[PDB]
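Chains as they are written, first to last, in the authors' numbering: chain G, 293 to 549; chain A, 282 to 561; chain B, 739 to 968; chain Z, 10 to 148.
For every residue, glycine included, the Cβ atom is placed at its ideal position computed from N, Cα and C.
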Amino acid sequence: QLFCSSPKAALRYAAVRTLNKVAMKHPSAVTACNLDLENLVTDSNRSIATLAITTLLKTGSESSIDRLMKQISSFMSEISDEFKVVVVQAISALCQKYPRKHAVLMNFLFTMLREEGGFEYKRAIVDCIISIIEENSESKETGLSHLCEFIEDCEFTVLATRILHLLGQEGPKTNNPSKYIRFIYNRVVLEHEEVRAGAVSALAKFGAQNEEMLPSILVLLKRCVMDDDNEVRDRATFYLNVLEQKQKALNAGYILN
Amino acid sequence: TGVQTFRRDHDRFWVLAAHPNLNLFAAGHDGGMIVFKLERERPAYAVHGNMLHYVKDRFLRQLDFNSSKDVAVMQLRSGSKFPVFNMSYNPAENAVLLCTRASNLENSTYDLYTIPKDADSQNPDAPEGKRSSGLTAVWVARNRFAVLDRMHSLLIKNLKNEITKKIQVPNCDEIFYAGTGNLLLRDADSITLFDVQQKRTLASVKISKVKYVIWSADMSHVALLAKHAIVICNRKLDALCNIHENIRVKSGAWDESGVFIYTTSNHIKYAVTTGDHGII
Amino acid sequence: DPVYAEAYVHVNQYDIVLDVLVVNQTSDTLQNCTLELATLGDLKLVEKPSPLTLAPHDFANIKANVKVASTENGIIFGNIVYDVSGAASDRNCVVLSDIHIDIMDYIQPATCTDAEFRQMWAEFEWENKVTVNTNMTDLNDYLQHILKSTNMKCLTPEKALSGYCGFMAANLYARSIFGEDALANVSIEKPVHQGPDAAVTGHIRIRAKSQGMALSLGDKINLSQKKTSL
Amino acid sequence: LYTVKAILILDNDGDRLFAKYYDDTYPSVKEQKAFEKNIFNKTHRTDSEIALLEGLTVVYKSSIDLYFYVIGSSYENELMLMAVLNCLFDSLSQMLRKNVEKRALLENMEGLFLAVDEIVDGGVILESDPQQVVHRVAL
């Protein structure tokens, strides 16, 4: 291991990923730190960069060291053998070991993710979001809180599409209504007939279910918030008109499915 | 003797200096230079008739009254001088209790001194002079229990008297290992009230300190210090008003319980009285 | 000293004007030191009452007009060192840097077409935000208060309802005395029994060209937001 | 082992002046270029100690004038694999008395060609050392 441990066989990287599998046994694990530390340290050799992500991962890590690394990464990731790709792979692994779970990490990560950024996070996001859903994460209030905020000022319409769709289903099973509303309004706030539109669509699963306060008000709201701009007008009118057209209880049932 | 060597670059220098103002201290080099500033940010007190006692953050005495430009109070009640862990009035217009050799040790010395005449260590014979060993001595709430450290950890000190030097291991209760607080706040973020042993809280109130609680002279001031901000209470938590400013340096004063003096430029002002506010 | 001089600033209409009391309760028009002019920011200090006596037991009003539209000095937030000198019946004096020079005031409200606005909102110097969350009031009275305090604009309502909740995001715009336009969207919960608002957890998004003033503005407003012991 | 997807000697203008898809199952001269593009553009004369693309081994090299590509699968160890790649530079160098150049390339292709078939033939590397060759060849 040691012998290889500097690109004798730049081969060594692959192995840790699976070929020579690692998920350890407890004292055994402690022993592993040094080797990973060499790669982690070296930061070079395409073969090295990859190695850093697998070794570290497989053996796992303490919180603390991560911290040091976050800075290291800050420079590193952009190109440092074209770190970004290895990293996205690494990242895909990150989303998996913590896909909205160790949410504190998820958030730390989140802050960092957005932050270290470039832009290249977005790609990652496609995975990350997916991970969070896989868990069906429960520190959403927070998780969501970070997402919501950051995304707002971390942009990209495209992300929104995906997330919207998901969110679209979820609504009042996870409550926190005022906040969630609070968000929702914001999401719409943005221009784009299109951006605006999603908040209403997500809402249908939601509305229908209602939450810790919603049905009365649910009825009140569509009224309170209303829009022209023709086809944007139309969207308000139509949803309404559609609304207009079925007993809203029935309405909800057919449409939702 | 060579204490220690300190390394921080510059393999090339030719000057060192300590101010003849003594303000600051600095070291000069080829590759460049550094200035460092000293403070015992915030530092200990005692009151005796119409006189203030200070223990320097930086700077010597200034332990009451003045005469021309600035005067550090040099008296037989040496305040800002000694190697302080803690200083507390032992009320008398004639007594103080003082820990010296400060710092972390197993334990330090405290030599408690008479205002009539302090000493290197005052008389163990005298009970306005006593010294013994002990690391720190600290107030605690519901006012007569005290903490003494006389092990490098939690001794409780409790006396009716505040000419006090009492030793009490009972109330041993770590879960906070020897550090700093003064109505108990090993950054409790609360002032927590107790007796002399207990393994069950009487109670804690959530409020906070400069890491000192200010008593109106002796040991009963519901006027509170907070490190940045200070709060005015009457005795115990009654938040009367709450002070904040934002200069991370100075002070404002109470005469007794909550008499609010504030300093205001080249103007010195009473923040408030009866329904009044004034520039004296 | 007998001579006690007390002074504060009054800014009376553009003009930041210096109230000075030098009271020379001195035992004589004690000799006085020295003073120096300077370019300032979009202001320049510009007057000194000439004499230098500290007339005995006597009180004096020393006025400094400042010139409030010129003198660039880019020492932001002011906080620039200033001198009153020890130059004559005086061995020292005051050298001071100012503090006390803040924004909330400066900017005036200013206005926009909403579509264009949105487009713009996004478009602007994104780079600053601060959060609203916490107070002492509803954003009715609270909002009004803040608005008046900064002398700045919220551009437009949609009735959705700043009342029943609202679940309203309020768009604010202002233009200043040296002409920066600053844009906000703050999106906010809003008071109402067991519905929502006695905090916010609304985010104040601040755009002002330099981040440094901009964020600082978000702060400044943060100071503004509530009402407590300065 | 019927393992060469192609071995290409590419210019570093993304051009290819040699390609043999020893083995192939994807096509298009275009797609070949495209495929080429993503990776080449990306590696851009830069190479890596190792590179894996597609779970597949990419051993590629650069010269001082030319870019060497071999595509294979990460499913067959570097050391050998490289050895062939090594063999490619070296013999050409010695024999010719000169290694690859753009110039060299331009004057005549053939020798490369001659060599290539000998060394490798499809997805099976028949050989990877010069000497045998050196005697064997006499052109």
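Is it the case that the Cβ atoms of residue 940 of chain B and residue 959 of chain B are separated by a distance below 8 Å?
no
For residue 302 of chain G, decide whether its Cβ has a neighbour in chain Z, counting only Cβ atoms nearer than 8 Å.
yes
As assigned by DSSP and simplified to three states, the class of residue 951 of chain B
helix
Going by DSSP, what residues sit across from residue 525 of chain A in a beta bridge?
Answer by DSSP bridge pairing: none, since residue 525 of chain A is not bridged.
I want to know whether the region 883-899 of chain B touches the region 421-440 of chain G - three or more CB-CB distances under 8 Å.
no
Pop quiz: residue 491 of chain A and residue 506 of chain A are said to be a contact at Cβ under 8 Å. What is the actual Cβ separation, rounded to whole angstroms?
3 Å
Which value, in whole angstroms, describes the spacing of the CA atoms of residue 483 of chain G and residue 853 of chain B?
7 Å
Would you please verify whether the beta carbon of residue 526 of chain A is less than 8 Å from any beta carbon of chain B?
yes
Does DSSP put residue 398 of chain A in a helix, a strand or coil?
strand
Chain-ordered neighbours of residue 934 of chain B on chain G, where CB pairs are closer than 7 Å
470
Between the CA atoms of residue 561 of chain A and residue 551 of chain A - distance to the nearest angstrom
7 Å
Run the CB neighbour count on residue 845 of chain B, radius 10 Å, all protein chains shown included, and call it buried at 16 or more, exposed below.
buried
Report yes or no: do the region 912-919 of chain B and the region 864-882 of chain B share at least 3 C-beta pairs separated by less than 8 Å?
no
How many Å lie between residue 496 of chain G and residue 416 of chain G at the Cα?
29 Å
CB contact below 8 Å: residue 15 of chain Z versus chain G
no
Tell me the residue span of the beta strand (DSSP E) that contains residue 412 of chain A.
412-415
Using CA atoms only, rank isn't needed, just tell me which of G:353, G:480 and G:473 is closest to residue 329 of chain G.
G:353
My output table needs one value for residue 507 of chain G: the three-state DSSP class, helix, strand or coil.
helix
Assess contact between the region 521-534 of chain G and the region 303-322 of chain A, defined as three or more Cβ pairs (one per stretch) separated by less than 8 Å. Is contact present?
no
Cβ neighbour criterion (16 or more within 10 Å) applied to residue 34 of chain Z:
exposed
Contacts that residue 547 of chain A makes with chain B (C-beta to C-beta distance below 7 Å)
742, 743 and 744
Applying a beta-carbon distance threshold of less than 7 Å, which residues of chain G neighbour residue 905 of chain B?
473, 474 and 477
Could you list which residues in chain G have their beta carbon closer than 8 Å to that of residue 941 of chain B, in chain order?
441 and 444
Is DSSP giving residue 883 of chain B helix, strand or coil here?
helix
How about residue 301 of chain G: is its Cβ closer than 7 Å to a heavy atom in the ligand SAM?
Inclusion of the ligand SAM in the displayed structure is not the case, the ligand content being empty and no account of it being possible.
Proximity winner among A:366, A:394, A:376 and A:481, relative to residue 385 of chain A (alpha-carbon distances):
A:366
By the DSSP assignment, the beta strand (DSSP E) with residue 342 of chain A in it spans what residues?
Element bounds for residue 342 of chain A: n/a, residue is neither H nor E.
Restricting to Cα atoms, I'd like to know which of A:355, A:523, A:476 and A:539 is closest to residue 515 of chain A.
A:539
DSSP three-state assignment for residue 903 of chain B, whether helix, strand or coil:
coil
Flag residue 378 of chain G as yes if its beta-carbon sits less than 8 Å from any beta-carbon of chain B, otherwise no.
no
Excluding the 5 residues preceding and the 5 following residue 100 of chain Z in the sequence, name in chain order all residues of the same chain whose CB lies nearer than 8 Å to its CB.
124, 139, 142 and 143
Going by CA-CA distance only, name the one from G:316, G:383 and G:400 that's closest to residue 351 of chain G.
G:316
Just verifying my parser: in three-state terms, what is the DSSP assignment at residue 364 of chain G?
helix
Determine which residues share a DSSP beta bridge with residue 820 of chain B and list them.
B:834
Looking only at its chain, what residues have a beta carbon closer than 7 Å to the beta carbon of residue 30 of chain Z, apart from the 5 residues adjacent to it on each side?
14 and 15
The beta strand (DSSP E) enclosing residue 369 of chain A, as first and last residue numbers:
365-370
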